[PDB]
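Report on the structure
One letter stands for each residue in the lines below.
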There are 2 protein chains.
Amino acid sequence: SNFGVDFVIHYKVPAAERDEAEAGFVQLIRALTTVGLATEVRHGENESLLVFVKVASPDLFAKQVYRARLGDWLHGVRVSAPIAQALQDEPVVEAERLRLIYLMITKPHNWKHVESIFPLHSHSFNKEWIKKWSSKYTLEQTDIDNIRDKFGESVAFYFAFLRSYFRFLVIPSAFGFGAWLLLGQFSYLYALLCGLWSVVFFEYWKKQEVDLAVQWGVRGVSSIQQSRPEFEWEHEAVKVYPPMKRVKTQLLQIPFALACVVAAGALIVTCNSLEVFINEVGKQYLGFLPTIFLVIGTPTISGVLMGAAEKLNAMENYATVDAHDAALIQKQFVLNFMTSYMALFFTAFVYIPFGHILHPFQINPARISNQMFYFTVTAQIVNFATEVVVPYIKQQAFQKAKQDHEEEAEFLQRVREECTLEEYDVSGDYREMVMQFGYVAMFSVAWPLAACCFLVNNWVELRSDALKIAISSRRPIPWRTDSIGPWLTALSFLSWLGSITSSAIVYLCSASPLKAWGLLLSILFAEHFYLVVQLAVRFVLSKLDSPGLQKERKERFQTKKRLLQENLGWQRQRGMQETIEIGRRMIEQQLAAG
Amino acid sequence: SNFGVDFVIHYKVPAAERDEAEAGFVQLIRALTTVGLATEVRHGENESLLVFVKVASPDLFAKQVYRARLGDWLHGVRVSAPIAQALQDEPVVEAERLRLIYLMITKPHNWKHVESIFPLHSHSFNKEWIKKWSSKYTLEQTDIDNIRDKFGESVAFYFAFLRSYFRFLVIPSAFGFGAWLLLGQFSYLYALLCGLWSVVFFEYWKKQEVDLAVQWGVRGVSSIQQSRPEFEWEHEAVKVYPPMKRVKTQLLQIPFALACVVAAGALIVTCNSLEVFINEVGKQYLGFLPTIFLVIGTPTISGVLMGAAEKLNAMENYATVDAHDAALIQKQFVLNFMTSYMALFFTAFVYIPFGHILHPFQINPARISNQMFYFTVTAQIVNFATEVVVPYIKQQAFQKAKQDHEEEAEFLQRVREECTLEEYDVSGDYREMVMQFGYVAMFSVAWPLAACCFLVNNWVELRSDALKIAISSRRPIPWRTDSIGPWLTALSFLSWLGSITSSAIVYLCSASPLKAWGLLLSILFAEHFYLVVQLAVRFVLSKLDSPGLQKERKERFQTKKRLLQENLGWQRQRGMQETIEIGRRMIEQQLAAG
Ligand SMILES: [Ca+2]
Ligand SMILES: [Ca+2]
Ligand SMILES: [Ca+2]
Ligand SMILES: [Ca+2]
């Protein structure tokens, strides 16, 4: 039970240069209290001063709610519009309570010591929520709407990308179990059910997204963009950066990908040649070490390159934040692409079909159905042990490593422990959950019992991430978006690529020489077939109008209906009898002489 | 100079059943004059009664203009909104003058003798317009906007699809002349310039369309649909037809296409075998007759099948008129597809590559560069002679075939000659102008001097159609639409198909056997390349925002801006000085003991 605290600002004051710190502290307190929010000061841990803020006069906040609530009517966020009477008719949920206060602390008014503004956690909510998700098997729609209020939309959107990827993994699980029991291995009919399913999930998601963004009322938030504060500009007109200076910096991404093809490629050369060096030249030390080299070497080489990619993203300047996450993810996607697939491509397209010709520079049948075992059993239980147990143990032994006070002796002892954690972001979870999908879309026909093991690691990741957010990471500052950023696009590229490599595989590792002809014809057939079932499920799933969408078109019409119903509410042979007389006259005149 | 007449209704009364005709005539006159428009009666020609209507009280018409002008604000046709004051601020153009009167004559109120309602022509406008288009080479944007006012939007839209297809034919003309002079015949570099150009024209058109539909203010008219009056319905809910009865009728289209593959295919078997029958077994009668068999046999076999296709479209019932032209065109497209290409496919994919194997059931090099000469010189000058000269001669000799009267002796003699003509539709012109594009998109690399002859038959068709509308067809009843109906889609299919067949051709009629390998690899490369340059010109031509579009986003904002600016216009350590005092105290308290 927090003491009504809405935010906590850190304001670290070090030993050196501490004389520009007290005046800057007064500059912080005055600028905070002119906005209209109270302040308190406690101790930190070593040299810091945890400043506590909350809103004080509820009328200024209730008008502040209105000052953006009828800002959302302006830019076409929602259609409807409600004199400070937005509290009883439709209340303020805990998204809009904590976002607008965060919009009052950082503002364009129309600081090199503040470490990190961060909200607090309510632990009376956590032991209900993490328990009640673990006694259910499925999850209802109304339980995701109980995670929107307390965390935001962009944290609540990832849990709806998981739930609607759960229940579409049950199709190629069961029809993947059949192709492990009934049909033989590497068969073509699995390579089109996995070809068909990777459009039905991808297109039923893009229709469920614009429905579920209507019901929350945040449909058009991607149209508005706001300025990132670290933007630079030479001369204003709205500000502008010289765009030809961005071409000189964006081109350095090509020596990043050129470093990416050689770095993650260097590990598989270490993996392949150490496999032979321990084979020919401790017998049980030979079969346990190339596993333990690949689980401790890979997330270090993916750490130093992504940290180099995060540095390249800040040097390449960007204007808007929506164009900032559209370039961090692409420079991070190619990095995690060549790390979690170039151990698998080189086995299936070079090692197993060309195992005769590469030999003077035999072939064993136990590698492609064994390396796919790696990325499905032992590279997930080393991941679930790392994503939860390692930070929980690292923070528990660190708690023992230490060397008005009525209830504040414990309330400071909760919030001081918070600020040494990391801010949880749903960028990394989407990057994993979009990389894991690949295996069951490109390299799945090489071992058709891959879906039925991924469906048990998404009934735990649906509650592992619910555990990680509340025991090992401070609450994310709530944001709003409509779709899953740029992830949806690079989800499409993991569909077409999955439908090509898969077709080539259903032909090589199965005509006597199996090369040139059947291979190219099979890939062309499986590619053209994809580009035809990407239209029919763009045609069946486009004549089905959603219920939500009705709530937009009616209220657009009904408001437009109500708006104008509260504001308005020569040859002259004249004589209509004269005209019909000659009409009955002329038609008999034409028929009394013929 | 017409006498203010806005429409002419025919009302043909025959010999038999003429007793239900005078009472029905009075039923016509009364229902016309209760709407509020005057009536006059003249003679017809043989048994008819040309009824003349015009609007009488300009206040009822000026409110009728408003009754749909603020109907267009309701359904989101345009954003802006102007008490019968829509005459001086923005006047009524001659589209909206003649459409609304036509919307008063046919109405849902909220007749088996009336032949055809049709507007009249102003011949003081025609001799200016057809002359002034023939003294210019190019055409300015402001001259197409002088054809919108007098004819509509859907007649004025076809002249903007021609003008922006004129000036993009100048690219593969000049770079087609080079591939006839510099480079050799059947070269691959022409097969990608024709591959690139068929996206740049197709994507620059779809961007110029939403611009030019903004400036006319008819942007969203395709969203509204209205009921076709000949619709049937069993039980209402808005009415509804049983949709499973439509599946029983729509399936009969498959025996139409199955009749289409055999009928137009039967003519080329007649073309091929009569060529040999006159070759072996009058020397100048041998080289002139297979031309004269193909120009008089083809538009008869395309007449009886399209008339069968028009009968199938009326039997298959449809609700809305927008779903009526989306099924007449598709059933007419496949008919004109297999007639103007299956004489050309069978030559280029069977005759010239497989000329050895088919021979016992030699090969000559003079057929593919001679049959492409047919569809470019002699099948256009037989078409321009048919589209203009034949109906003008047929109507001139028919004028000699005949067997209050102050100025009405000549004014009846103009309007009586009108009603025996045909109602001009821009469906057929789009069908031709979309079929002719194919030759320069699929079969163009087989004879790279095809564009430079199509660019002189579109400087005449740009004024032949301007001649046909005013000398040989009554004025079309003005309509409104935003895009070129369903033509734009089946324009896209003529792009991908053009990029495949063309790639196969650049490999067959040019490895020694030229088969299986290079062929499939070349088509795959030219198809994948297409699907990559369909993204870059969906990315360069999508970061360029149009000027028109600015006029929508500002006036949406400025109205929304103006609308709300004309209606509105605990731990308590209180004392901001107390808070900053302990703040300067604690940071020294933490640094007077360390
Ligand atoms: Ca995981
Ligand atoms: Ca994870
Ligand atoms: Ca023509
Ligand atoms: Ca024509």
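1. Notes on the pairing of strand β2 (residues 37-41) of chain B
Residue and element names in this part refer to chain B. In terms of burial, β2 is largely enclosed, as four of its five residues are buried. Judged from the five bridges that link them, β2 and strand β3 (residues 51-55) form a sheet pairing that is antiparallel. From the neighbouring strand, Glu 40 faces β3, where its bridge partner is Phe 52.

2. Regarding unusual backbone geometry
Residues and elements named next belong to chain A. One non-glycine residue, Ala 84, adopts positive backbone phi at about 60°. Along the chain, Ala 84 falls in the loop between α2 (58-72) and α3 (94-105). Take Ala 84: its relative accessible area is 25%, and that puts it in the partly exposed class. At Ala 516, a residue that is not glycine, the phi angle is positive and equals roughly 65°. Turning to its location among the elements, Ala 516 is positioned in the loop between α21 (489-508) and α22 (517-536). For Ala 516, a relative accessible area of 43% gives the class partly exposed.

3. Re the sheet that holds strand β2 (residues 37-41) of chain A
Residue and element names in this part refer to chain A. The three strands lie next to each other as β1-β3-β2, forming an open sheet whose pairing is antiparallel. The sheet is open, and its two edges are formed by β1 (7-9) and β2, each paired on a single side. Pairwise comparison of adjacent strand axes, ignoring direction, gives a mean angle of 30° for this sheet. Along the sheet, helix α1 (residues 22-35) makes contact with β1, β2 and β3 (51-55), crossing β2 at roughly 150°. In the packing of α3 onto the sheet, contacts are made with β1, β2 and β3, and the angle to β1 comes to roughly 30°.

4. Overview of the interface of chain A and chain B
Across the contact, 51 residues belong to chain A and 52 residues belong to chain B. At the level of secondary structure, the elements contributing two or more residues to the side of chain A that touches chain B comprise α1, β2, α22, α23 (547-564) and α24 (576-589) of chain A. Tallying contributions element by element places α24(A) first for the side of chain A that touches chain B, with eight residues. Considering only residue class, the side of chain A that touches chain B consists of 23 nonpolar, 13 polar and 15 charged.

5. A short note on the environment of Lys400(A)
Residues and elements named next belong to chain A. Note on placement: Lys 400 falls in the loop between α16 (384-399) and α17 (408-418). Taking the relative accessible area as the measure of exposure, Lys 400 reaches 73% and is therefore exposed. Along the backbone, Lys 400 and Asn 370 are 30 residues apart, and their C-alpha atoms lie at a distance of 43 Å.

6. Regarding the coordination of the calcium ion (ligand 1)
Residue and element names in this part refer to chain A. Those donors, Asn 383 (OD1), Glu 432 (OE), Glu 461 (OE) and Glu 461 (OE), are the protein atoms that reach the calcium ion (ligand 1), and they lie 2.5 to 3.1 Å from it. Overall, the relative accessible area of 30% leaves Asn 383 in the partly exposed class. Classification of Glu 461 as buried rests on a relative accessible area of 5%.

7. So, the nonpolar core
A general feature of soluble globular proteins is that nonpolar side chains tend to end up buried together. Residues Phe161(A), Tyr341(A) and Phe443(A) are the most contacted members of the largest nonpolar core, which totals 77 residues. Sequence-distant contacts of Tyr341(A), defined by excluding residues within four places in its chain, comprise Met435(A), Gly438(A), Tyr439(A), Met442(A), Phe443(A) and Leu494(A). With 76 residues, the next largest nonpolar core counts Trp216(B), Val434(B), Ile469(B) and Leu497(B) among its residues.

8. Quick notes on the relation of the copies chain A and chain B
Turning chain A through 180° and shifting it by 0.0 Å along the axis lays it on chain B, with an RMSD of 0.0 Å. One copy is carried onto the other by what is essentially a two-fold rotation axis. Comparing interface residues between copies, 100% of those in chain A also sit at the interface in chain B, which points to an isologous, same-surface contact.

9. Notes on the coordination of the calcium ion (ligand 2)
Residues and elements named next belong to chain A. Bound to the calcium ion (ligand 2) are the protein donor atoms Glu 387 (OE), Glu 387 (OE) and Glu 461 (OE), situated 2.5 to 2.6 Å from the metal. If you look at the calcium ion (ligand 2) and the calcium ion (ligand 1), they sit 3.2 Å from each other and are both ligated by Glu 461. Judged on exposure class, the residue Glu 387 and its partner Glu 461 are both buried.

Cut-offs used in this document
Counting starts from 1 on each chain and follows the sequence as written, independent of the entry's numbering; residues without coordinates are not shown. Chain A is the first chain written and ligand 1 is the first ligand written, with later ones labelled in order. In computing side-chain properties, one takes all heavy atoms of the structure into account and sets aside hydrogens as well as water. Residues with missing side-chain atoms are left out of burial classes, side-chain pairs and their counts. Note on classification: 1.4 Å probe, protein chains only; a residue is buried when its accessible area is under 20% of the maximum for its type, exposed when over 50%, partly exposed between these limits. In this text, helices come from DSSP runs of H or I with a minimum length of four residues, and strands from runs of E with a minimum of two, each type numbered from the N-terminal end. Only strands that DSSP links by at least two bridges are regarded as paired with each other. Lines fitted to C-alpha atoms define the axes, with helix axes restricted to the stretch in contact, and inter-axis angles between N-to-C directions lie between 0 and 180 degrees. A contact between two residues is defined here by any heavy atoms of the two lying within 4.5 Å. Three classes are used: nonpolar for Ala, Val, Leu, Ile, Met, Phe, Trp, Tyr, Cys and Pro, charged for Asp, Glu, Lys and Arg, and polar for all others, with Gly counted as polar. For Na, K and Ca the donor cutoff is 3.2 Å, while for all other metals N, O and S atoms must lie within 2.8 Å; water is not among the atoms, so some sites may look incomplete. For our purposes a nonpolar core is just a set of buried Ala, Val, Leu, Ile, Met, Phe, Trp, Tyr and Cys residues, chained together by side-chain atoms within 4.5 Å. Structural superposition of the copies relies on a least-squares fit of C-alpha atoms.

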